[PDB]
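Colleague: Heads up: the sequence lines are chains A and B, in that order. Quick note on my numbering: the first sequence kicks off at 2 and runs consecutively. Quick note on my numbering: the second sequence kicks off at 1353 and runs consecutively. The beta carbon of each residue, even a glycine, is placed where N, CA and C say it ideally should be. Here it is: the structure, laid out below.
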Amino acid sequence: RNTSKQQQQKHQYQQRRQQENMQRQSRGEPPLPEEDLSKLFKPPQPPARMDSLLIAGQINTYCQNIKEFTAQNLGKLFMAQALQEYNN
Amino acid sequence: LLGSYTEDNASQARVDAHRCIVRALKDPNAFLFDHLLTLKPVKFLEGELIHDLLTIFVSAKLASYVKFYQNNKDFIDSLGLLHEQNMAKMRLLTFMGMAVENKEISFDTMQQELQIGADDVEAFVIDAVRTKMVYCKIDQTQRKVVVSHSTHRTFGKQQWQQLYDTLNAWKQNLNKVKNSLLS
């Protein structure tokens, strides 16, 4: 959740303000550059796709869901056995 | 082995049968008649004829120093059986009340049955719990001693088994039917 929020604040939040500013500047200079237009947009460390953390995350959450499933399966049959022995 | 086969040869059986009564009184872990009842020995040795075997079984049921004082004999009371009678009284009455009442006896009754104080009854209850003749948490004044039921009860444990068989047969088949729709 902190890893996703860090990439989102770089992907969306930086780019949104850069377009906000670039639209205020208006964005093409005809006799010579374009100095601050040339300065604008250079990649932050995540521009997209931190998959090495994400995929390894998902394999671990899948392992966690398997542990939830096995714990639930133990609980289903323990509840059944506890109810079954008492009532006769 | 003696109670099974060989030394029957009743003269050899008599001398160890008299020793078996002494062996029962010798270790206060040996209950009273329970070991003899449990398998072949009581179904192999005469009750009144020479052995004096059923006399111990009568003293156990009629539950008192007066019954031992009537029925005791020189060899065991010389050493003697004074302490062991109180240990016997503690096990037999605590089982018998709970077994009959039926199963959650009052403190006030138990003081009258054991013939001792309230705190003395609680002390008797601790080592009844350590013995595991009774076995769950003890409440203050009612619900005093419950479960285990380890002691002899002859037909009152045989009839309980016949009732339990009926219960087991209904429960195991019905629960097998439910778990055979869920496996």
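Taking the alpha carbon of B:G1449 as the reference point, which residue from B:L1466, B:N1438, B:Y1487, B:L1434 has its own alpha carbon closest?
Modeller: With distances taken between Cα atoms, B:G1449 lies closest to B:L1466.
Colleague: Taking C-beta pairs closer than 7 Å, name the residues in chain A that B:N1527 reaches, listed in chain order.
Modeller: Ordered by position in chain A, the residues that pass the 7 Å Cβ test against B:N1527 are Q85.
Colleague: What's the gap between the Cα of B:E1456 and the Cα of B:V1499?
Modeller: Using only the alpha carbons, I get a separation of about 9 Å.
Colleague: Buried or exposed for B:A1480, going by 16 or more other Cβ atoms inside 10 Å?
Modeller: Result: buried.
Colleague: Mind listing, in chain order, the continuous beta strand (DSSP E) runs of no fewer than 3 residues lying wholly within the region 1387-1456 of chain B?
Modeller: With a minimum length of 3 residues, no continuous beta strand (DSSP E) run stays inside the region 1387-1456 of chain B.
Colleague: Using 8 Å as the threshold, is the region 1418-1427 of chain B in touch with the region 1459-1478 of chain B, meaning 3 or more CB pairs across them?
Modeller: Touching, no.
Colleague: If you count every other CB in all the chains shown that lies within 10 Å of the CB of B:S1411, and 16 or more means buried, which is it?
Modeller: Counting Cβ neighbours within 10 Å, B:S1411 comes out buried, since at least 16 surround it.
Colleague: Would you please verify whether the beta carbon of B:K1523 is less than 7 Å from any beta carbon of chain A?
Modeller: So yes, B:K1523 belongs to the interface.
Colleague: Consult DSSP for B:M1462 and reduce its assignment to one of helix, strand or coil.
Modeller: If DSSP states are grouped into helix, strand and coil, B:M1462 belongs with the helices.
Colleague: Would you tell me roughly how many angstroms separate the C-alpha atoms of B:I1478 and B:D1386, rounded to the nearest one?
Modeller: B:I1478 and B:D1386: Cα-Cα distance of roughly 22 Å.
Colleague: B:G1355: buried (16+ other C-beta within 10 angstroms of its C-beta) or exposed?
Modeller: Looking at its Cβ environment, which holds 16 or more other Cβ atoms inside 10 Å, B:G1355 is buried.
Colleague: In chain B, which residues lie with their C-beta within 8 Å of the C-beta of A:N89?
Modeller: Residues of chain B passing the Cβ test: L1519, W1522, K1523, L1526.
Colleague: Using only the alpha-carbon positions, how far apart do B:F1396 and B:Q1464 sit?
Modeller: Cα-Cα distance, rounded: 38 Å.
Colleague: Would you say A:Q26 reaches chain D, if we count a Cβ-Cβ gap shorter than 7 Å as a contact?
Modeller: Any reference to chain D falls outside this structure, whose protein chains are A and B.
Colleague: Assuming B:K1509 is part of the alpha helix (DSSP H), what are its boundary residues?
Modeller: From DSSP, the alpha helix (DSSP H) with B:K1509 extends over 1507-1531.
Colleague: So what's A:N61 in DSSP terms, helix, strand or just coil?
Modeller: Here A:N61 sits in helix by DSSP.
Colleague: Given that B:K1455 touches chain A, what residues does it touch there, using C-beta distances under 8 Å?
Modeller: Under the 8 Å cutoff, chain A gives no residues; its nearest Cβ is about 18 Å from B:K1455.
Colleague: Which whole runs of the alpha helix (DSSP H) in the region 9-82 of chain A are 4 residues long or more, in chain order?
Modeller: With a minimum length of 4 residues, the continuous alpha helix (DSSP H) runs that stay inside the region 9-82 of chain A are 15-26, 36-40.
Colleague: Between the region 1437-1447 of chain B and the region 1397-1406 of chain B, are three or more C-beta pairs nearer than 8 Å?
Modeller: The region 1437-1447 of chain B vs the region 1397-1406 of chain B: no contact.
Colleague: Tell me which residue opens and which closes the alpha helix (DSSP H) that residue 1338 of chain B is part of.
Modeller: Outside the modelled stretch of chain B, which goes from 1353 to 1535, sits residue 1338 of chain B, for which no answer is possible.
Colleague: Residues of chain A with CB under 9 Å from B:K1530, in chain order?
Modeller: Those within 9 Å of B:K1530 in chain A are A81, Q85.
Colleague: Measuring only the C-alpha atoms, how far is B:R1482 from B:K1489?
Modeller: Spanning the two alpha carbons is a distance of roughly 12 Å.
Colleague: Could you check whether B:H1504 and B:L1389 sit closer than 7 Å to each other, using their CB atoms as the reference points?
Modeller: Contact: yes.
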